[PDB]
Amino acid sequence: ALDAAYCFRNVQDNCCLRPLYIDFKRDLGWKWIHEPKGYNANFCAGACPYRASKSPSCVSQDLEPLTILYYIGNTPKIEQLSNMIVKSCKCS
């Protein structure tokens, strides 16, 4: 599929997955997560087949969770945050 393997090896104009790093504090305004401080979210961008109208767009398809560590009070919690990482892209 249009995933990191297929996209990061052959960087081209077509709709494909792109690297992107998100810092929780600067980018999301999030203070509540202890670790990590950010993550490789990726994003989808590129050309899709053209049409006179209603041309498809390069959008995310598959998403994946991110393991996080945060505290409630003094208690640590390890959690899967769902749908944080873009794993592949499609033309929609």
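Residue numbers run from 1 along the displayed sequence.
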Inset, instruction - Using only the Cα atoms and their B-factors as the entry lists them, report which of 31 to 39 and 59 to 67 averages higher. - result: 59 to 67
Legend entry - Within-chain third of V11 by Cα B-factor, per the entry: highest
Legend entry - Modelled-residue ranking by C-alpha temperature factor, third containing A47: middle
Legend entry - Ranked against its chain, the third holding the CA B-factor of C89: middle
Legend entry - Third of the chain, ranked by Cα B-factor, where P19 sits: middle
